[PDB]
């Protein structure tokens, strides 16, 4: 059963959000992926958020750029935790995306990650850490993955040419 859903405002956002799905493939975490536009499919946004709890989602990762309203509007319609990923926009390099997501008012939170691909991957890792609190097997896989990243850096201390 998919306990996490990855949503984005447009198909072009996949170039960024694919990095969230990559973490789940590595950690073997079942997940749903779907394009839900706050501005082009506002009604679908409402129906998606309203049925999130019933559909079994415990965490929702939402990505959007520019006037990024997707994460916040989903968070306004459900109690399921929402994590937001600011997609890098052309002109403002994601600052508009960042401000539109992180500056939510008291009462409707959205846990925001870094701008771009690093944030997409981290949103998945955070979702995994949340799930891992009640999933011993996943907790172990996260632990092993973290150790693997640390060891790679430790066994290669000199960045200069051989």
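Residue numbers count along the first chain shown, from 1.
Participant: For the higher mean C-alpha B factor in the entry, choose 14 to 22 or 147 to 155.
Facilitator: Taking the mean B-factor of the alpha carbons in each, 147 to 155 is higher.
Participant: Higher average CA B factor in the deposited record is what I'm after, so tell me if that's 120 to 128 or 55 to 63.
Facilitator: Between 55 to 63 and 120 to 128, it is 55 to 63 that shows the higher mean C-alpha B-factor.
Participant: Among 101, 108, 115, 29, which residue carries the highest C-alpha B-factor recorded in the PDB entry?
Facilitator: By C-alpha B-factor in the record, 29 ranks first.
Participant: Taking the values exactly as deposited, rank residue 97 by C-alpha B-factor within its chain and report the matching third: lowest, middle or highest.
Facilitator: For residue 97, whose C-alpha B-factor we compare with every modelled residue in the chain, the answer is the lowest third.
Participant: Can you tell me whether residue 75 has a C-alpha B-factor in the lowest, middle or highest third compared with the other modelled residues of the same chain?
Facilitator: For residue 75, whose C-alpha B-factor we compare with every modelled residue in the chain, the answer is the lowest third.
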